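Protein chains in written order, with PDB author numbering: chain E, 63 to 101, 104 to 113; chain D, 210 to 269, 278 to 308; chain F, 6 to 133; chain G, 2 to 152; chain R, 1 to 150; chain I, 5 to 110; chain H, 2 to 92.
Every residue gets a Cβ at the ideal spot worked out from N, C-alpha and C, and that includes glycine.
Take a look at the structure set out below.
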Amino acid sequence: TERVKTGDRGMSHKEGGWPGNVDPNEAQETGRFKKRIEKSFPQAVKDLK
Amino acid sequence: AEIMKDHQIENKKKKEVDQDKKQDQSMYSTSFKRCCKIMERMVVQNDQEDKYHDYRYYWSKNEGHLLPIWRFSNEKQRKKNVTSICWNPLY
Amino acid sequence: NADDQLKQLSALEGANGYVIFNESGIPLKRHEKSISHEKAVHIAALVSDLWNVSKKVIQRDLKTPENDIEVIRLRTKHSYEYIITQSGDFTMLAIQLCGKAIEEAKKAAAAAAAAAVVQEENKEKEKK
Amino acid sequence: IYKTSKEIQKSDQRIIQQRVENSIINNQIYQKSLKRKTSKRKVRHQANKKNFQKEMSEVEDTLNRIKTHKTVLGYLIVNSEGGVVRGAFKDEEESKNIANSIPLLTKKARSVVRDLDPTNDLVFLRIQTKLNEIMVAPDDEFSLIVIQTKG
Amino acid sequence: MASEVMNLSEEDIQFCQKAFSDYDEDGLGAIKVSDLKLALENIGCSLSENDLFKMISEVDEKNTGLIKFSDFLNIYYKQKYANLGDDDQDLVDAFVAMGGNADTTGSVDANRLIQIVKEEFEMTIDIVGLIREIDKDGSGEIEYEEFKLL
Amino acid sequence: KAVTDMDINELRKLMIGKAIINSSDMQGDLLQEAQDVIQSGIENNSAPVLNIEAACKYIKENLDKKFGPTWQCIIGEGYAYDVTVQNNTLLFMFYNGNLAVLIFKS
Amino acid sequence: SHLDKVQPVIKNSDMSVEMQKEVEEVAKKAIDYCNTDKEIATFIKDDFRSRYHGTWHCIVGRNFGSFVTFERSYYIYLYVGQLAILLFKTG
């Protein structure tokens with residue numbers, strides 16, 4: 063009888079949720095993305113604070 | 210818990226004798242009393258929030282302004298006069 | 006302009022740190038005293054689960070139509086306080102302490118300064 | 002003499018129950034509870050007895066006072082095991098929903114506080130909705146929840 | 001198309017109750033999640049493993065269709081029987097009530113008397129029977145017994 | 005001193021070799037072999053900064069050779085999971101600090 | 002508008018695109034339906050088991066490391082917020 067294939071893959075979910083295009087490990091990808099969000105962002109933070 | 214087992218010094222007290230009695234007034238006494246006391250102040254704080262905010266910092278040339286904030290009295294104790302008043306040194 | 010708000014939050018008495026969360030859950034800005042990014046990643050996940058569960062629970066579990074939570078404040082042991090306010094798509098966590106806690110923090114800072122002074126004196130003695 | 006004997010027995014029973022109470026004023030809720038448990042041979046009478054089912058005004062008295070306070074919908078105590086020890090709301094559906102839904106949020110909320118610092122434990126939690134304010138005080142033995150409309 | 005089949009109604013009705021409960025949607029179909037919804041609402045079983053066990057044993061399963069209803073139809077049949085024991089007083093009463101009931105007397109007193117080293121060997125026993133006999137009928141029924149013992 | 009002196013940061017720093025078992029469903033003799041291998045493997049592959057993927061790869065390879073061809077173990081800071089496993093094939097033990105380890109045989 | 006806001010993203014996907022699209026809707030529906038994260042794991046496993054026969058293991062946590070032996074083309078990895086919906090069917 064055919065044996066269903068078993069593939070062993072190991073991954074780490076320690077890094078926080080991020081967009082697929084951006085890379086969590088790379089500092090440059092995260093830094094550029096944060097700057098884009100605050101471009104809006106300014107009003108909310110004073111108001112939230 | 211394992212660390213406590215390793216070091217058997219000053220074993221935790223507060224043995225669970227509790228209050229029991231099944232019905233007509235189980236528990237409702239010392240840790241729970243603190244929560245109820247905190248809850249009463251929080252409910253009072255929300256209603257008196259406008260007054261409390263003014264009391265903390267309303268910030269009131279030779280002129281003086283006095284504003285009464287709250288009055289504490291008892292209808293039963295209305296006959297009694299205020300007489301002597303004192304403030305605890307510690308608090 | 007945006008940077009000044011973070012400085013203003015620190016200026017308020019009883020404030021330890023401020024964390025801002027995006028709808029995705031990325032932490033926009035966090036305080037320097039508190040851990041940056043690692044703590045923010047851990048704080049953003051917990052607040053989103055709590056804020057989403059509380060927002061969902063109020064509408065259905067309490068059976069109240071058009072009722073939305075505005076501010077959540079969790080008072081724990083010692084001086085910890087964690088007011089949560091959501092503006093637009095961004096929700097932030099603010100950690101403030103009580104008067105006693107603030108006094109303790111000030112004392113600790115003074116002790117650290119004294120230790121630094123002692124170290125400087127020791128260095129001067131070594132130089133001499 | 003049989004009646005006399007019975008009377009004597011009753012008296013004896015009464016004495017045993019007292020001991021700590023030492024007669025005098027009706028006093029104490031705790032004392033009454035203890036007597037009921039240990040010895041159930043005799044009950045009631047003895048003295049004035051103050052107010053029935055009122056062993057201690059202070060926790061019970063404080064809860065009555067907060068409920069009487071203006072702008073408070075009610076205060077419902079939640080048992081550690083998802084139960085209503087005491088319910089004080091105008092509509093049963095709101096109280097029933099509050100009894101099950103509110104403790105689950107507090108337990109989830111307690112863990113959120115718990116994740117940041119393990120030593121730190123929830124002392125008090127307050128959630129403010131657009132039309133109402135919800136305050137929950139959590140203890141291992143019992144949880145106190147009060148809903149007060151914002152002024 | 002029935003064919004002269006009485007069968008139980010208590011259970012047959014229960015299934016319909018829980019069924020329409022979650023199926024109230026009126027979708028006309030049933031999924032593998034809905035079947036667990038009921039047990040998840042009332043808390044019949046501890047884990048889906050239970051319901052899944054019996055159901056799976058039935059034959060097979062899939063994603064969603066309508067036959068899933070079988071879960072309930074069979075669920076009622078997996079309830080089986082209960083039995084537990086409560087109190088130790090009732091037993092004591094029955095030890096004396098040989099006619100397998102509270103009723104009759106003195107014969108049980110004599111049974112106690114066989115090899116009895118107790119004080120007031122027989123006068124005490126008669127006094128005890130009288131004390132346990134509140135309505136004066138010469139016997140102690142279960143209610144009198146309980147009041148006597150408590 | 006004692007428990008009062010101890011703090012959560014202090015407790016983690018004071019002991020890094022403490023082993024705590026939360027859930028046991030596997031035979032005790034089997035658990036002893038597995039516990040020694042997982043503790044030794046994680047420390048060896050911990051490196052400068054602990055890698056979740058690195059620890060799992062070493063554990064997965066060791067377990068497959070040690071007992072059965074299909075063995076799955078997942079370690080994370082915090083997680084919620086439903087897993088169907090064979091009788092006496094699942095062992096759950098979490099290391100001191102924020103480290104949860106789940107190992108089961110399928 | 003909450004569904005638009007979550008924007009669940011699959012970091013690693015090993016399944017047919019049509020099947021993968023179905024998983025995203027189930028993942029969004031499961032998060033709103035389940036009060037707690039533990040409930041979300043049970044709901045995802047039950048829905049997939051009903052949809053596709055087999056043994057499904059699902060683990061969702063804020064931070065975790067996973068190495069698994071799953072049937073080829075039956076493992077889909079998607080991350081929404083701080084929750085990882087991971088399902089791997091093992092024969």
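- Under the three-state reduction of DSSP output, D15(H) falls in the strand class.
- For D141(G), no Cβ of chain I is located within less than 9 Å of the residue's own Cβ.
- With a cut-off of 8 Å on Cβ pairs, the region 84-94 of chain I is in contact with the region 58-72 of chain H, counting three or more such pairs.
- Fully enclosed alpha helix (DSSP H) runs of no fewer than 4 residues occupy 30-39 and 58-69 of the region 18-87 of chain G, in order along the chain.
- Look at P104(G) here: in three-state DSSP terms it is helix.
- Distance from the CA atom of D71(R) to the CA atom of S238(D), rounded to whole angstroms, is 48 Å.
- Under the Cβ distance rule, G30(F) counts among the residues neighbouring chain E, one pair being separated by less than 9 Å.
- Our two residues, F20(R) and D12(R), have alpha carbons roughly 13 Å apart in a direct line.
- In this structure, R80(F) lies near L123(G), with their beta-carbon atoms less than 9 Å apart.
- In this structure, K113(E) places its C-beta atom within 9 Å of the C-beta atom of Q10(F).
- Taking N133(G) as the centre and dropping the five residues before and after it, the same chain places the C-beta of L74, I148, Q149, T150 and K151 closer than 8 Å to its C-beta, in chain order.
- For a cut-off of 8 Å, the C-beta gap from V137(G) to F241(D) is around 13 Å, too long to register as a contact.
- Between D73(F) and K60(F), the beta carbon gap of about 7 Å places them in contact (Cβ cut-off 8 Å).
- Taking 9 Å as the Cβ-Cβ cut-off, the region 240-253 of chain D approaches chain G at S240, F241, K242, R243, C244, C245, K246, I247, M248, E249, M251, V252 and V253, given in chain order.
- In the pairwise beta carbon analysis, the region 26-37 of chain H is classified as not touching the region 51-69 of chain I: fewer than three pairs are separated by under 8 Å.
- Under the Cβ criterion of 9 Å, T90(F) is counted among the residues facing chain E.
- Distance from the CA of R243(D) to the CA of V46(F), rounded to the nearest whole angstrom, comes to 35 Å.
- At least one beta carbon of chain H lies nearer than 9 Å to the beta carbon of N57(F).
- Note that the C-beta distance between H36(F) and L14(F) is below 9 Å.
- The beta carbon of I25(F) sits closer than 6 Å to the beta carbons of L33, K34, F95 and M97 from its chain, once the five residues preceding and following it are set aside; these are given in chain order.
- Around the beta-carbon of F95(R), fewer than 16 other beta-carbon atoms lie within 10 Å, marking it exposed.
- Residue burial annotation: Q129(G) is buried, with at least 16 other C-beta atoms found within 10 angstroms of its C-beta.
- For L94(I), no chain D residue has a Cβ inside 9 Å of its Cβ, as the nearest lies near 22 Å away.
- As summarised for the region 98-141 of chain R, the continuous alpha helix (DSSP H) elements at least 4 residues long and confined to that stretch are 107-113 and 123-132, given in chain order.
- Boundaries of the beta strand (DSSP E) harbouring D86(I): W75 to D86, taken from the DSSP string.
- Under the criterion of beta carbons closer than 8 Å, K61(I) and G72(E) qualify as touching, at roughly 5 Å.
- Close CB contacts of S53(F) within its chain, under the 6 Å cut and outside five residues either way in sequence, are with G30 (chain order).
- Approximately 6 Å separates the beta-carbon atoms of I142(R) and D93(R); this is inside 8 Å, confirming the contact.
- For the 9 Å CB-CB criterion, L36(R) and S46(R) do not form a contact.
- Taking the CA atoms as reference points, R73(H) sits about 14 Å from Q21(H).
- With respect to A30(R), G65(R) sits close: the two C-beta atoms are nearer than 9 Å.
- Taking C-beta atoms as the reference points, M57(G) and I30(G) count as a pair closer than 9 Å.
- For the beta strand (DSSP E) assignment, the uninterrupted runs of no fewer than 3 residues enclosed by the region 41-88 of chain F are, from N- to C-terminal side, 74-81.
- For the C-beta of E100(E), the chain F residues within less than 7 Å are, from N- to C-terminus, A7 and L33.
- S14(H) is positioned such that its CB atom lies closer than 9 Å to that of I77(H).
- Using a 10 angstroms sphere on the CB of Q90(E), the tally of other CB atoms stays under 16, which defines it as exposed.
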